[PDB]
Amino acid sequence: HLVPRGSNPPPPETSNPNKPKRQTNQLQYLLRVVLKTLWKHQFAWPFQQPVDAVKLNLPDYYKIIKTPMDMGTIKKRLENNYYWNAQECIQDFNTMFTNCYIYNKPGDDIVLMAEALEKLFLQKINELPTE
Ligand SMILES: CCc1noc2cc(OC)c(NS(=O)(=O)c3ccccc3OC)cc12
């Protein structure tokens with residue numbers, strides 16, 4: 001391991017009692033449809049939890065990525081009704097993807113994984129119900 005255990009940041013928050021939130025049918029769909037389908041995809045597993053820079057030997061990760069996001073966080077945010085609207089959640093997915101494409105080079109296996117999840121994401125977003 002390039003770096004000691006403990007060198008991960010605290011994960012992104014999944015609750016914030018003073019943050020405004022609302023349940024919308026669009027947020028319900030984000031959980032029930034979008035998250036559940038990407039979650040069980042064969043390429044999801046690197047995205048199901050915060051990047052463990054220690055375990056995975058990416059000691060530079062949190063030098064480069066200052067706004068981390070992952071689908072474990074997003075799943076928790078949806079289940080806990082953290083969001084005010086669908087857009088704040090979509091923002092989280094886009095942040096997760098962009099981080100991957102910033103950190104890695106095009107064609108790297110991790111990027112092909114993210115690209116495939118992103119394709120499916122965008123397909124499922126396409127059918128977002130009207131509020
Ligand atoms: C969002 C998770 C992530 N973003 O960028 C990464 C780069 C990684 O190692 C190259 C790893 N390491 S890994 O063992 O989880 C891994 C996953 C898929 C393909 C290759 C790979 O490690 C070489 C993870 C990420």
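The first residue in the sequence is number 1, and the count goes up from there. The figures here come from the full heavy-atom set of this structure, side chains too, leaving out hydrogens, waters and symmetry mates. Whatever order the structure lists ligands and atoms in, that order sets their numbers, starting from 1.
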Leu35 and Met71: CA distance, side-chain angles, deciding distance, side-chain contact (heavy atoms from CB on, under 4.5 Å) verdict: CA-CA 8 Å; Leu35 186 289; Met71 290 203 311; 4.1 Å; yes

Just to confirm my output: which protein heavy-atom neighbour is closest to [atom], and how far is it?
{"atom": "atom 13 (S) of ligand 1", "answer": "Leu56 CD2, 4.1 Å"}
{"atom": "atom 25 (C) of ligand 1", "answer": "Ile110 CG1, 3.8 Å"}
{"atom": "atom 18 (C) of ligand 1", "answer": "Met113 SD, 3.5 Å"}

Ligand 1 atoms in contact with [X] (distance to a heavy atom under 4.0 Å):
{"X": "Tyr103", "result": "5 (O)"}
{"X": "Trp45", "result": "15 (O), 17 (C), 18 (C)"}
{"X": "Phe47", "result": "1 (C)"}
{"X": "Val51", "result": "1 (C), 2 (C)"}
{"X": "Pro46", "result": "1 (C), 2 (C)"}

Within reach of ligand 1, part of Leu58 (heavy-atom separation under 4.0 Å): side chain

Ligand 1-proximal atoms of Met96, by part, heavy-atom distance under 4.0 Å: neither

Under the 4.0 Å line, does any protein heavy atom show up next to [atom]?
{"atom": "atom 8 (C) of ligand 1", "result": "yes"}
{"atom": "atom 11 (C) of ligand 1", "result": "yes"}
{"atom": "atom 22 (O) of ligand 1", "result": "no"}

Aromatic ring pairing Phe121/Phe97, orientation class (parallel under 30°, perpendicular over 60°, tilted between): tilted

Would you say [X]'s side chain and [Y]'s backbone share a donor-acceptor pair under 3.5 angstrom?
{"X": "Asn80", "Y": "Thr14", "answer": "yes"}
{"X": "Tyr103", "Y": "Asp60", "answer": "no"}
{"X": "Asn57", "Y": "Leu2", "answer": "yes"}

Check against side-chain contact (heavy atoms from CB on, under 4.5 Å), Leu30 and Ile125: CA-CA 8 Å; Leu30 284 170; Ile125 277 344; 3.7 Å; yes

Distance-minimising heavy-atom pair for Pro12 and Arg77: CB-NH2, 3.8 Å

Heavy-atom side-chain proximity of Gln48 to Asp70 below 4.5 angstrom: no

Min N/O separation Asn104 to ligand 1 under 3.5 Å: yes

Distance-only side-chain donor-acceptor flag, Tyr29 / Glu127, under 3.5 Å: no

